[PDB]
Protein chains: 2
Amino acid sequence: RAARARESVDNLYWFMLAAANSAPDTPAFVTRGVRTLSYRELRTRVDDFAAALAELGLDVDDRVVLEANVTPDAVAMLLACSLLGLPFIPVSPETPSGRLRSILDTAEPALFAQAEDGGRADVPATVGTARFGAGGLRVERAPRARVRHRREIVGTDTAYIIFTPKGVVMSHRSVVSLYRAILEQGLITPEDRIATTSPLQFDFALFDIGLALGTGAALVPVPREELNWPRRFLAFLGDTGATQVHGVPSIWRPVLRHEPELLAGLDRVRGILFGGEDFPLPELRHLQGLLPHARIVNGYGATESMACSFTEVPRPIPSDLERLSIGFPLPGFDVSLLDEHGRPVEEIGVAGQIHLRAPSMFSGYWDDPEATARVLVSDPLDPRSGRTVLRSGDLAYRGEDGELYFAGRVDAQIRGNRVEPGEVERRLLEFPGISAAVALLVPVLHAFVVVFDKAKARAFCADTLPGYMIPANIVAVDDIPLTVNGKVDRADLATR
Amino acid sequence: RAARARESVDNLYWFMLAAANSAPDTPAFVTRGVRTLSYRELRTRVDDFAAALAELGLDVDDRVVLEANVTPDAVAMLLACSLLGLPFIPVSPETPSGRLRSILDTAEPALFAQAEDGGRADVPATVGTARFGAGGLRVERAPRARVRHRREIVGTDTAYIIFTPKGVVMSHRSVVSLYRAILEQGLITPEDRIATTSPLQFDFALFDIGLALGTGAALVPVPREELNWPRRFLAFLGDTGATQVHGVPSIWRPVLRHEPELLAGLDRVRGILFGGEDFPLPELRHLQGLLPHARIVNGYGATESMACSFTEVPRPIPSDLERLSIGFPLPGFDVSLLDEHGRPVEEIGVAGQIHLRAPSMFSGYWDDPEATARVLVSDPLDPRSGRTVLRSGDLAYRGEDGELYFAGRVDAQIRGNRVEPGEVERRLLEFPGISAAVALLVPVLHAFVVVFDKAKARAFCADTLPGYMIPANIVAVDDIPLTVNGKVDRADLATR
Ligand SMILES: Nc1ncnc2c1ncn2[C@@H]1O[C@H](COS(=O)(=O)NC(=O)C[C@H](N)c2ccccc2Br)[C@@H](O)[C@H]1O
Ligand SMILES: Nc1ncnc2c1ncn2[C@@H]1O[C@H](COS(=O)(=O)NC(=O)C[C@H](N)c2ccccc2Br)[C@@H](O)[C@H]1O
């Protein structure tokens with residue numbers, strides 16, 4: 001009685017499980033005692049979860065909150081939801097109770113599902129509850145009764161909604177279009193094992209999962225408790241035979257600081273992919289020199305299109321390079337840089353706001369048509385057609401070869417001088433004893449460093465940097481704090 | 001210097017010319033002395049036209065008016081425009097000068113192109129002019145100078161704009177999604193020769209072209225001057241070895257009236273496809289009985305998605321059948337019937353307004369965001385996501401098996417009784433001497449018939465029909481008048 005997506009219609013289920021046919025006994029997951037789960041065994045688990053979910057009587061478009069990190073069972077659940085046209089809302093179990101309640105209030109999901117050993121204890125009676133594990137999907141409280149109205153699942157149906165409360169609605173057509181565009185780049189092969197570090201609630205995790213499974217490669221989910229300690233992290237990558245390591249730049253900071261010798265021993269690592277924020281070039285040059293046979297790729301873009309561009313870093317990174325390129329949009333993507341007059345920037349080295357034409361565009365912000373209209377805007381180069389672009393909120397400029405360079409959030413840019421915090425941080429990272437450095441503007445410029453004479457550090461900055469870029473104050477901190485998704489927590493540093 | 005669509009990106013060029021690689025010397029066109037043009041020779045002509053167009057310096061999204069009917073040269077031009085990301089605006093040369101000027105005023109195209117022997121003589125100086133033929137694309141007046149701003153062509157770029165002044169903007173992604181969905185139905189094979197009758201300006205012509213060329217079949221364009229005379233029309237289908245005949249129901253009316261014996265001699269015809277309006281069942285039963293080995297398919301939908309459903313008629317058509325089904329939406333399409341309260345209709349036999357979820361959706365109405373917002377509306381079953389549906393303007397109901405039945409335009413539906421003009425016309429078509437019949441409401445009910453005693457014809461209606469369905473007046477006419485696209489011209493009949 002439940003609708004199911006047809007094989008010919010864009011849908012995560014069919015996209016990620018195609019290798020169960022062409023290579024059933026190849027590994028889809030490697031986990032640690034190292035264990036593998038084949039494509040065939042993954043599809044079996046998806047199909048068993050989907051049979052159980054289909055019993056609950058949910059209509060296509062009914063929302064399922066999936067509280068999990070990246071595991072074989074969580075990926076089996078999101079693929080079962082996919083097949084049934086039930087958009088999933090991934091939430092990491094580290095999400096505070098109040099923030100989850102805020103998501104439940106706005107999203108009004110039919111069902112909340114967590115792992116058998118999950119610890120969420122406080123979900124409202126209107127929301128159904130279930131636990132998933134080895135033993136199948138187990139309903140605790142059934143979702144409320146309803147009538148199904150949707151006969152057939154389409155490509156524009158919602159695959160997932162990313163909540164940060166801002167909810168980015170992605171369609172199956174959009175996410176599959178991003179996977180097809182990156183598969184065309186041959187980043188990885190079926191013999192790769194992709195170590196993924198991002199929380200499931202971050203679309204960088206959903207990118208890694210669909211890249212690996214769509215290619216017929218293996219996914220090696222790195223638990224947060226392994227990632228947080230440098231020798232433990234390196235032993236996990238070695239034991240699992242990871243060939244590719246994906247994550248935000250911060251995943252390398254402890255290893256580079258405490259264990260560079262053991263990092264250099266990861267002889268099977270063929271590639272590193274980072275995204276979500278700038279990689280400090282002194283840290284990136286350190287990593288590149290420890291692993292000379294790992295290709296490093298810089299991934300750029302936003303939840304609103306999943307991503308935009310994937311750009312191999314130069315080998316070696318020029319010692320005087322100020323900014324890595326974010327390259328050229330993927331095939332089928334296009335960028336216009338518009339100035340503050342709404343007009344195209346063609347001039348080399350002049351920043352404008354990225355307006356993106358993408359086949360992977362979000363459907364809209366959940367219950368926020370006004371926010372949608374400010375971001376998905378009429379194409380400024382073709383305003384009479386009805387075609388929309390993503391007004392990205394990002395600045396960038398082009399080089400002599402048409403390649404892009406990211407230039408910060410439009411809304412987050414001293415003495416009539418634009419500060420480049422990356423330039424301040426670069427010069428402090430080059431000061432003897434400084435391991436890490438983050439600069440921020442309260443406008444007053446403070447730097448936080450992981451190690452000390454502040455006065456010697458200021459004069460060292462003043463040797464190369466203009467007056468407006470010299471930090472007013474330099475504060476020693478034990479750690480650079482991170483957001484749940486692994487980005488620099490500048491709001492936390494502002495508090496001290 | 002001109003941008004060109006990449007092979008991996010949805011685009012008419014790559015879609016329609018794939019067979020130039022897999023089957024270069026197979027026929028793409030059959031024309032009449034019967035001549036063929038191979039896939040390889042078509043791609044050569046497209047590439048030569050595209051090289052010439054690329055010289056003009058147009059930017060992606062710049063509009064090209066293509067004044068032509070369906071010919072190898074016109075199809076080569078629309079594919080050259082496709083490759084360069086220049087949306088084409090197809091206009092039939094039968095379009096009156098005033099109507100073309102109205103289109104030029106609103107669309108503001110960069111270029112107007114017509115055939116070497118075309119007769120349009122009055123195009124404004126701001127619009128560039130060119131003629132295309134055997135001898136290539138020939139510029140008469142260059143388009144105005146501009147700066148190109150678009151670096152890369154995407155799938156959401158506009159392929160064409162259909163003007164009726166209402167302009168339906170279609171994307172390459174949308175039109176290719178319709179072709180892929182119909183290719184999945186195996187209507188035709190590469191050995192088919194598809195006789196196409198629609199003017200190029202009607203998207204039924206664009207459907208036939210992409211179906212044939214996407215399949216690797218041959219297209220047999222039927223000139224209007226061959227279509228208008230029944231023996232001439234039948235000799236053309238026989239000489240060209242047509243295996244499939246596509247067109248609006250009116251293309252059969254003269255043949256059925258004057259030449260049913262010769263129609264029965266079309267031994268190579270394996271299939272008939274009609275769309276755009278109801279086929280009067282007495283005429284459709286006549287045709288089906290003359291050509292018992294031709295499959296007949298009923299195509300339903302609107303320019304706004306190109307089409308929705310393709311439904312083989314029953315063989316034979318039940319003599320008591322009142323309404324042909326419009327079946328089930330294609331794979332990847334979905335219909336909700338909503339009532340006048342905006343709520344889903346689940347009840348068998350109750351009409352509601354078709355709301356369509358389609359991968360082939362139009363981008364919007366040209367320069368009419370208000371009309372766009374009244375037609376591409378928030379999904380009424382999922383209004384908080386941002387997902388849109390097509391509010392079709394069509395009524396339909398479902399049968400016991402979930403199949404649809406078209407029930408007229410919502411806006412165009414006597415004594416507190418809904419009139420079904422098809423029922424009036426059916427009973428008059430069954431009256432001895434009546435060849436054709438059209439009923440219309442001025443509300444006063446008039447019927448126009450092609451042949452006579454009006455009084456005997458009224459009493460014959462009154463034998464089976466309720467009082468409110470008996471025509472007030474019956475007028476003998478020589479011909480049922482048609483619109484340029486071949487539909488019943490009810491506005492013309494209203495004038496008499
Ligand atoms: N390479 C980058 N360099 C510098 N800044 C970057 C970068 N990528 C994102 N950003 C910034 O993050 C913003 C996007 O933040 S986000 O919406 O949370 N998305 C992400 O961080 C991850 C992104 N969706 C993504 C997914 C999959 C693969 C790569 C990437 Br990037 C973007 O608009 C930029 O401001
Ligand atoms: N099969 C049908 N039976 C009865 N009515 C039909 C039918 N198809 C369209 N219509 C009516 O035409 C309307 C659409 O008019 S239109 O926008 O000019 N489109 C067409 O006539 C042709 C349509 N785009 C089409 C293209 C390609 C293949 C099939 C078809 Br149908 C539609 O909304 C219905 O009201």
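Ligands are counted one by one from 1 in listed order, and the atoms in each one are counted from 1 as well. Note on naming: letters A, B, ... go to the chains in the order of the sequence lines (proteins, then strands), and numbering restarts at 1 for each one. Excluded from the calculations below are hydrogen atoms, water molecules and symmetry mates; all remaining heavy atoms, backbone and side chain alike, are included.
For B:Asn298, every heavy-atom contact with ligand 2 shorter than 4.0 Å involves the side chain, none the backbone. Within the 4.0 Å heavy-atom criterion, the part of B:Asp394 lying near ligand 2 is the side chain and not the backbone.
Using a 4.0 Å cut-off between charged side-chain N and carboxylate O, B:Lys166 and B:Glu304 make a salt bridge.
Between B:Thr303 and ligand 2, an N or O atom pair is found at a separation short of 3.5 Å.
Less than 4.0 angstrom separates some heavy atom of A:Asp278 from each of these atoms of ligand 1: 3 (N), 4 (C).
In this structure, A:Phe202 is part of the shell of residues with a heavy atom less than 4.0 angstrom from ligand 1. A heavy-atom separation below 4.0 Å is not found between A:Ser392 and ligand 1.
Between atom 27 (C) of ligand 1 and the options A:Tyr300, A:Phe279, A:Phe207, the minimum heavy-atom separation is to A:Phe207. If you check each of A:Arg323, A:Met306, A:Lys487, A:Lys166 against atom 15 (O) of ligand 1, the one with the closest non-hydrogen atom is A:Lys487. Closest heavy-atom approach to atom 7 (C) of ligand 1 among the candidates A:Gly276, A:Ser305, A:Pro249: A:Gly276.
Shortest contact from atom 14 (C) of ligand 2 to any protein heavy atom: B:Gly301 O, 3.3 Å.
None of A:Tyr160, A:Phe310, A:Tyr179, A:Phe202 except one satisfies the ring-ring contact (aromatic ring centres under 6.0 Å, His included) rule with A:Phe207; the exception is A:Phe310.
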